[PDB]
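What follows is one chain in structure tokens, specifically the form deposited in one PDB entry.
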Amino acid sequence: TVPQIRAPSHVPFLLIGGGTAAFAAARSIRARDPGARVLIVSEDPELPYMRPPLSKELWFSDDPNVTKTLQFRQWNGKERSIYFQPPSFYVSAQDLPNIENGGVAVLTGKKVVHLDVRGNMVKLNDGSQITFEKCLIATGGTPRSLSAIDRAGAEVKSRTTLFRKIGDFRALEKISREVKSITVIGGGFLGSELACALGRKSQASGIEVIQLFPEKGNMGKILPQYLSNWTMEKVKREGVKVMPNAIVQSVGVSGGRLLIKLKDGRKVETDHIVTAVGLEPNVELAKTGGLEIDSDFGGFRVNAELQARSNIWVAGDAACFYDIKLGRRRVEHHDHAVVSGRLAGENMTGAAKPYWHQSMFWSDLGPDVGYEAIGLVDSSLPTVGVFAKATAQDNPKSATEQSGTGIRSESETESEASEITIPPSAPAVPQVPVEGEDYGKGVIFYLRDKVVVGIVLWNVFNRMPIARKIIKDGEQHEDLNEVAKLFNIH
């Protein structure tokens, strides 16, 4: 067996990229047009898989075999495959045009590098060509790097990982068992999940874990300062040296270790760096395809139907879409990937439906801390937070036990509450006098006009439909403590 040239071929439905959005689009097309012939072409050799477990549950397991099988343990102890479907669900490219009732084929280890819109064709990196009738671009993005690491030498670039894939979890996991110290650069949800995860391994290994970022505290661009600060102390307590207000001036090699120099005088000595500083949408096809990239937000600009050009749609992290409440925007949400992929797939079969979904986001920092967000969440906005003591059910683990899944967009559902009526206050709880240290859950309302434009929920689950409805209706609430009763915050 030797390398060979693929003959030109044709496929009714071509999906460029094999991630969450591509997979959801393939199922949608198959549901809408039974017998459909769908081909996914994907650069990474792996079959389609969900990403959330990579910075999360896969680090919380004592079984060495999980790194190989990727059958991760949810917080409720129940196993789940990181893959959407196993190999048997798919067919090979070669067989697709001949199989009865059609199917979903997958061609991994191949990259589409040229899109010809008017000729309905693409070219792969190996020179072969595939004509299509309908095409979805769902190429995701590539992790951003740090400028200082880019200007940095071979030695340091060889000791920095960007965190996005299976390969990254595997390498970072191995490194956590080989070196004395690892630094996470990035204060966002993802960098924070990685810090907690290594801090947990640290309990057994004794490795040093540092997390550094330029904000005053974790997720500082998103959470109000008080909760950002609470969060920062929480992460630190997982055994992480957190360094806020840190701007990387340069990185170099000293003593055989990495030497990161900060603008303010500080210096960090460490053996490996993982960055989590955001994403660049994969838009290389915009050029041959004559597609518009959004100059303000990045990604492919699409219309209400997720369409970019004739017979071309985009979904997932790669799309700059028109949010029904916020206007042009792009997100990195698992929910959006699934919903938008499904809708694109439906539109590929002729539906012409607008994307009116309000995408949600969630983050877990271990089984005991969970956040959910929706709409415009920006710490520069005026905000109203309402809090209460947590009940036993108010944590990511219980939310996983109740629903049987850890992927929060699944358990929350994609729906929107049909009506909002402020329920009666709950029965009084006999208690000693309550202090701020005693709260463990809450809702934070983000405002613009006296209208709620965004919501972050802290340890409140199964209420996302209600948060969607409050944001959609756009009422001026006279008293947000009454509305918080909708989130069982009393």
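Whichever C-alpha set is largest while still superposing within 1.5 Å between the two forms counts as the rigid core. Residue numbers here begin at 1 and follow the sequence given.
Which wins on mean Cα temperature factor, 87 to 95 or 306 to 314? So the stretch with the higher mean C-alpha B-factor is 87 to 95.
According to the deposited model, is the average Cα temperature factor higher in 55 to 63 or in 36 to 44? 55 to 63 has the higher mean C-alpha B-factor.
Peak C-alpha temperature factor (PDB record), options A417, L285, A390, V242: Comparing C-alpha B-factors across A417, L285, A390, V242, the top value belongs to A417.
Out of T69, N459, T421, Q431, residue topping the C-alpha B-factor column of the entry: Of the options given, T421 has the highest CA B-factor in the PDB entry.
Quick check for you: using the entry's CA B-factors within this chain, is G127 in the lowest, middle or highest third? Tercile = lowest for this residue's CA B-factor.
Among the chain's modelled residues, which third holds the C-alpha B-factor of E332? Middle third by C-alpha B-factor.
Can you work out whether the C-alpha temperature factor of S181 puts it in the lowest, middle or highest third of the chain? Lowest third of the chain for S181's C-alpha B-factor.
C-alpha B factor of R463, ranked within the chain: lowest, middle or highest third? It falls in the middle third of the chain.
Based on the entry's values, in what third of the chain does the Cα temperature factor of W362 lie: lowest, middle or highest? As the PDB entry reports it, the C-alpha B-factor of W362 lands in the middle third of its chain.
The following text describes the form deposited in another entry, which does not appear among the structures shown.
Which of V283, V369, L279, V331 is displaced between the shown form and the other one by 2 angstroms or more at its C-alpha, rigid core aligned: Result of the comparison: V369.
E79: with the rigid core matched between the shown form and the other one, does its Cα shift 2 Å or more? No, because once the rigid core is superposed, the C-alpha of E79 moves less than 2 Å between the shown form and the other one.
Taking the rigid core as reference, does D296 move its C-alpha 2 Å or further between the shown form and the other one? It does not reach a 2 Å shift.
Kindly check if the Cα atom of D44 is displaced 2 angstroms or more between the shown form and the other one relative to the superposed rigid core. No, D44 moves less than 2 Å.
Over in the other structure, so in the other entry, do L381 and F300 pull closer or drift farther apart at the C-alpha level? The difference is 3 angstroms or more. So the answer is closer.
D63 to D368, Cα distance in the other entry relative to here: closer or farther, by 3 Å or more? It is farther: in the other entry, the C-alpha atoms of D63 and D368 lie at least 3 Å more apart than they do here.
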